[PDB]
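Engineer: Residue numbers (full-length UniProt numbering): 142 to 177, 195 to 310, 315 to 434. Ideal Cβ placement from N, Cα and C applies to all residues, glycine included. Take a look at the following structure, please.
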Amino acid sequence: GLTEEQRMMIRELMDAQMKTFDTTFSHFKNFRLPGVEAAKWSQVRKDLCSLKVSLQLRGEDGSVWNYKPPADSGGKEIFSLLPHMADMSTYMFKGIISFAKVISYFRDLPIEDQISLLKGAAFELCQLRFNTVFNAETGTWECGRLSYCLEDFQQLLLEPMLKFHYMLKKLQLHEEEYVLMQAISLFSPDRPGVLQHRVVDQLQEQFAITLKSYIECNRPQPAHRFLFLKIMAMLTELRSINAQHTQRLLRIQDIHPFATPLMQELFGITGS
Ligand SMILES: C[C@]12CC[C@@H]3c4ccc(O)cc4CC[C@H]3[C@@H]1CC[C@@H]2O
Ligand SMILES: ClC1=C(Cl)[C@]2(Cl)[C@@H]3C[C@@H](Cl)[C@@H](Cl)[C@@H]3[C@@]1(Cl)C2(Cl)Cl
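Okay, structure coming up:
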């Protein structure tokens, strides 16, 4: 029940996803691993312990390395996973940038708006891709040979990022619905610095109409009533999480620098 333009739109998004999402993380390599003002620190300590994961690395030979993080003992040990997480997020950001550049509607925007949209949406598209490898039964992001497992229930769901991942996963979305969510987030007309507000706003409305129509054509079941509105509400929540997490990053960076060059670009840090 989709128009020709709508089916072409979904095809181009699925094509871009297929070419730029390394779903087995086969090409994520050479990453760092953990080794073998007072009111600012209190806040940064609160920021960093809201996400506690162990790390597992499965070797191509069948060997397994497992890392269990330290407890907070009021010292620098809270930063032990930051270099690794910077490398993983940088890796994800490159895939996201490649995704945008493959899409015709994005290529056709002026380069300054391309940049402003990527700065605005890179984190959100990263989270959307990570949700597709999240295992909600085991609390683990399964990234090929790497796994990130939440450390020991309804308590962890208090953290908005974690509640987001569990709630989005339980909607049991199709690949097409995920990539349309990525498009709607990418083409957000109200990101800081956007000039072609009207063009971006019209593109976003078309991706949202395509998603609403896709759901109406392919999901008649009572469990999926209001699915389109649930997704849109999740995208609003993701924007709030984006703003919250950007402020945590800048606080951590202020007292303990760790952002990679690509992270600095996307998040406004100039090097001075
Ligand atoms: C997720 C946190 C805020 C967002 C931070 C971030 C945000 C963006 C990014 O590219 C990398 C990282 C690594 C550290 C993350 C933090 C670790 C704990 C904190 O909640
Ligand atoms: Cl998404 C995101 C990724 Cl990707 C990183 Cl590198 C990390 C990897 C897995 Cl554990 C997800 Cl939950 C986290 C965060 Cl919030 C961070 Cl910590 Cl940004």
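What is the DSSP secondary structure of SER212, counted as helix, strand or coil?
Structural biologist: For this step, residue 212 is matched to residue 54 along the sequence shown. Note: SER212 maps to strand in three-state DSSP.
Engineer: In this structure, what does DSSP give as the bridge partners for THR164?
Structural biologist: Translated into positions along the sequence shown, residue 164 becomes position 23. Beta-bridge pairing links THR164 to no other residue.
Engineer: Should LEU400 and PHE429 be called a contact, given that it needs their Cβ atoms to be closer than 8 Å?
Structural biologist: In the sequence shown, residue 400 corresponds to position 238, counting from 1. In the sequence shown, residue 429 corresponds to position 267, counting from 1. No, the Cβ-Cβ distance between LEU400 and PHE429 is not below 8 Å.
Engineer: Could you tell me if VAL222 is buried or exposed, where buried requires 16 or more neighbouring beta carbons within 10 angstroms of its beta carbon?
Structural biologist: For this step, residue 222 is matched to residue 64 along the sequence shown. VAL222 is exposed by the Cβ-count criterion.
Engineer: Which one or two residues does DSSP pair with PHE292 in a beta bridge?
Structural biologist: Here residue 292 is taken as the residue at index 134 of the sequence shown, counted from 1. DSSP output for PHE292 lists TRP299 as bridge partner(s).
Engineer: Looking only at its own chain, which residues have a Cβ that is under 6 Å from the Cβ of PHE237, when we skip the five neighbours before and after it?
Structural biologist: Within the sequence shown, the letter at position 79 stands for residue 237. So the list reads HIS418, once near-sequence residues are dropped.
Engineer: Quick one: any contact between the segment 318-327 and the segment 238-245, if contact means 3 or more CB pairs under 8 Å?
Structural biologist: No contact exists between the segment 318-327 and the segment 238-245.
Engineer: Cβ of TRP199 within 7 Å of any heavy atom in ligand 2?
Structural biologist: Numbered from its first residue, the sequence shown carries residue 199 at position 41. Incorrect: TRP199 has no Cβ contact closer than 7 Å to ligand 2.
Engineer: Looking at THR161 and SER256, is the spacing between their C-beta atoms short of 8 Å?
Structural biologist: Here residue 256 refers to the residue found at position 98 of the sequence shown. Here residue 161 refers to the residue found at position 20 of the sequence shown. Cβ distance < 8 Å, so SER256 and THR161 count as in contact.
Engineer: So what's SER305 in DSSP terms, helix, strand or just coil?
Structural biologist: Here the question's residue 305 lines up with position 147 in the sequence shown. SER305 falls in the strand class under three-state DSSP.
Engineer: Is DSSP giving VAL356 helix, strand or coil here?
Structural biologist: As a first step, residue 356 must be located in the sequence shown, where it is residue number 194. Three-state DSSP puts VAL356 in coil, outside helix and strand.
Engineer: Please confirm whether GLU338 and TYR306 have their CB atoms less than 8 Å apart.
Structural biologist: Here residue 338 refers to the residue found at position 176 when the sequence shown is read from its first residue. Here residue 306 refers to the residue found at position 148 when the sequence shown is read from its first residue. Taking 8 Å as the Cβ cut-off, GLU338 and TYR306 do not qualify as a contacting pair.
Engineer: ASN171 lies in the alpha helix (DSSP H); which residues open and close that run?
Structural biologist: In the sequence shown, counting from the first residue as 1, residue 171 sits at position 30. That residue, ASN171, is in no alpha helix (DSSP H); it is neither H nor E in DSSP.
Engineer: Between which two residues does the alpha helix (DSSP H) holding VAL202 run?
Structural biologist: The residue labelled residue 202 in the question sits at position 44 within the sequence shown. Looking at the DSSP string, the run of the alpha helix (DSSP H) that includes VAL202 is 196-207.
Engineer: Using the C-alpha atoms, what's the distance from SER347 back to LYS277?
Structural biologist: Numbered from 1 along the sequence shown, position 119 holds the residue referred to as residue 277. Numbered from 1 along the sequence shown, position 185 holds the residue referred to as residue 347. Near 12 Å, if we compare the C-alpha coordinates of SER347 and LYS277.
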